[PDB]
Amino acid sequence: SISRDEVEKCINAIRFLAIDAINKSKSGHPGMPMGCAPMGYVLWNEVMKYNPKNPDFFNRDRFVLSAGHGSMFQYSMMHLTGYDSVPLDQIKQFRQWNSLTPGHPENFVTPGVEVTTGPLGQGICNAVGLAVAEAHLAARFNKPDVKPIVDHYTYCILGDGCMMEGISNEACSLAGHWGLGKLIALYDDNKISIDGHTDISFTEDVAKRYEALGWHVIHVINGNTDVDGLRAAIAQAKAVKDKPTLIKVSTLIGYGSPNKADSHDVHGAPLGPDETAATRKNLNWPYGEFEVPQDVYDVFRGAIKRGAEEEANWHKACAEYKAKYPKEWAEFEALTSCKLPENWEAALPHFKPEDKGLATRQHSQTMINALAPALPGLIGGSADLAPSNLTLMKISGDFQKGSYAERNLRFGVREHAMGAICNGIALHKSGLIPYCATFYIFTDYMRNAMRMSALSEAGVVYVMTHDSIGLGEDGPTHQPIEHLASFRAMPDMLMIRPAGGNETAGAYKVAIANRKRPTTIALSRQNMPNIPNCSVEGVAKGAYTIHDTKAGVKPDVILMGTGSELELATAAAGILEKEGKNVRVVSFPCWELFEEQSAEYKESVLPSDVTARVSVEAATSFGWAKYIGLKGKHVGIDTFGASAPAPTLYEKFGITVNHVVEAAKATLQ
């Protein structure tokens, strides 16, 4: 193949592409890409299997840059190996408006970028999810007497910042526990973070911690020039079937810069023109700005013929499989196509007012079990709360290292990693539909991962029980107050709060339909009735009318409610009606969906000339003015809660039928 001198020229081409891009943008991070260039060379030219001309090739290795600030590293590699989403012109538009080379890698913008990173620690956890998906599909579909149709590795580059974040310890505890032997993490061990040398705050023995988590650990003491040792480490990682592998690769940040290498000044500011000149001279690099010599392209652009071959070979393995296993093939194809099975929505049961009330956590359990046999891709579970959140799929066992084909994911007390893992599962783009769960209050532990589902267009289903003071005695550390508001404010997240059976089914219907946008479902601990006119379809409208006192007669006062509080509005309406008032009750299960409706629909629910308006929800008034206006009133709770039985809490905090009636009268003047 080719020489050490050519390998070195290839390595330096990665460094100077990154340097020159960041000097032109006047913004970004040259240090990590300079220190990691040798790893790039090996991974892209020699190890990973991928098709640069088909970023969606199902059986490709997955790469994740968890250290997302080094985005020029990944962009350089993609450019060099011939991805059409990163031509030279896009290298020259790093960090500019509408480029395909944003400051941190974004899956939703750049074909070949698998997940969105930037928030340290997310990527490694996304990688654990990508490896979960590969292990699961492999266990479900590979057969011992033909070539596999699922067989690929998951590679992740991460730095010191990822290693300090708690979320990465969570995810990597789970990866050890699951024995995910095709996950290979490469740690850029460069002794530098933003504050300076890592000895200022970070002296732990990372390798020992990883051994404790159940990982194999390989030490590459010279990541700057030991290409043979990186080749050997990666080969050894692949021969460890049984445990995930951490390759601790010691580098100099900004390797090549004579004056700024090994300093935090090369972390995150361009080298600039004098040091750039000095680095060119120090690395013996006579090529001009953005000039990659053609012989380096000849090397890396070899990925194209290799990638076409790998993909053709896979198609042959699939043809051979399909010949002996036509039924299993059909199921594999239908799942990995990402198309939802025809009529899956018909699996959802329906309810009537006559049916005795259940908690929406119980309805949720019903929907998960109704859907699981209809949706082969449904996978997931709770963060140590299965007997409370009610999330188990009865038709499957527990995903474990003995048993990867099982579909219940048991995350333990690891909310944050759980959300990020689910992002990886979704973004494998294999038809897996991940759901995860905890008490709604503990969305606070996993908030960045949830925001990441929204930003990266990953249809993760967040199943969040015990949604209010209705949980009772556990008290204010466990009772949501600001949570609904905090999610309504978040861009591109659906926040659904169903009242009764039909609305819970309707929440799940929205959630499953939405394969490119996450849905958070707030569910009750306590029973609620099935209220007349509540419906599956109404949830899809976001807000809809469930009661008018007289057809064709404009309401005097509009009462709007969600979840367990909808019954307070319907009961208040009956009291106000018996007095002589005309009342509309509106159910408001999903504010985002309401805002997508036509102006005429919105006006049909909340007529602009009826300004007597009351909202009822066991949560803060914050946000509700959007619908209740300045002259309206909220019945809810804006303070923290308390430790007492639920019925006492509703009484003491004034979240009662009588309060809604009183507020309505106040709005009427």
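Numbers follow the displayed sequence, beginning with 1.
For the two regions 395-403 and 477-485, the entry's Cα B-factors average higher over 395-403. When 133-141 is weighed against 413-421, 133-141 comes out higher, by mean CA B-factor as recorded in the entry. As recorded in the entry, 603 carries the highest CA temperature factor of 617, 603, 61, 638.
Residue-level inspection of the entry shows that, of 75, 439, 108, 445, 108 has the top Cα B-factor. Ranked against the other modelled residues of its chain, the C-alpha B-factor of residue 584 as given in the entry falls in the middle third. Annotation for residue 284: CA B-factor lies in the highest third of the chain's modelled residues. Sort the chain's modelled residues by C-alpha temperature factor and residue 164 lands in the lowest third, per the entry. Per-chain ranking of the deposited C-alpha B factor places residue 625 in the lowest third. Ranked within its chain, residue 148 lands in the highest third, by CA B factor from the PDB record.
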